[PDB]
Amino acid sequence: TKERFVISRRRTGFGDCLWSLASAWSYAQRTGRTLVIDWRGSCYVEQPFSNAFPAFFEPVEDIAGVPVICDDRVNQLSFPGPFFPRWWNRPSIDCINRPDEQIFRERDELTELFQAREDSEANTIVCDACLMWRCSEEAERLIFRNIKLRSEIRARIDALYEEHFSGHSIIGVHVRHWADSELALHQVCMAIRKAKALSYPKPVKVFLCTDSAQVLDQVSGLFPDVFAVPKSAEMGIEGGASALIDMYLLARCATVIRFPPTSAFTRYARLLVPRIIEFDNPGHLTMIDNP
């Protein structure tokens, strides 16, 4: 009997990476495979063959009973064929072309596999597409609970929590992005007003997570008590750490505004925070009590 594998490959924002990881983990658990976390080529790491996972998280060799390889051994080990999806059996020269249509086909092929009664005969499942929504919420929570941020990142979160969150009820706001910008800023303001009109047990502050300096300046000038975390290889890692700090602090808020709710950036917060506000029909705000 020989070892068999599921490789979780993802290189995008951490919300997507970690949700897609939960999906790979769930299939590895169901089928008695080893899980390989392969974050080579991450948007946050300049060096293309370095596995980014250890740059942000502590070593992990097991997640809830599933053995894990999470480090540079991906560059030494030869994971065994045959492979699924079937594309991965093609010669390497034929794998240079990897268009979005093929990645989407593999999402669908993996989705069907994960729903099928029988385990694949392939010795290695290669997951190299978006696997958001292709697992249970429990699988997602298990991943967050069973990997640990690097201590340097945790210390920053801890200091920020003490400095702004402790003693207070925090409304977290994630804003990812002429007439369009004005309407979007207006919509964000409407969401903040809605959130602020709810009752909270402690004095309220607004935690803003945005990639735009202009949004930060505007929202800060429109509401009281708005704060944000202050902010080339080294600067990619710093971008990653900054993202994680915001993602994890959002999950500590009393209410979170998801602009948009399709962003996996706020999925961790959606799982944990008591109340979620978002535009959902369109132009209209909704509030969701957790669950």
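When you see a residue number, it is the position in the sequence shown, counting from 1. Basically, rigid core = biggest C-alpha set you can superpose within 1.5 Å across the two forms.
Relative to the shown model and aligned on the rigid core, the C-alphas in 4 other deposited structures of this protein deviate most, among 132 to 140 and 180 to 188, for 180 to 188. Coverage remark for residue 232: absent from the model in at least one third of the other entries compared whose chains are built on both sides.
Counting the unmodelled positions of the deposited sequence between residue 280 and residue 281 gives a small gap of 1 to 3 residues.
In the deposited sequence, the stretch from residue 231 to residue 232 hides 10 or more residues that have no coordinates. Per-chain ranking of the deposited C-alpha B factor places residue 161 in the lowest third. For residue 7, the recorded CA B-factor ranks within the middle third of the chain. Only modelled residues enter the ranking. Placement of the Cα temperature factor of residue 121 within the chain: highest third of the modelled residues, per the deposited record. Residue 61 sits in the highest third of its chain by CA B factor, as recorded in the PDB entry. Among all modelled residues in this chain, the alpha-carbon of residue 260 has a temperature factor (C-alpha) in the highest third.
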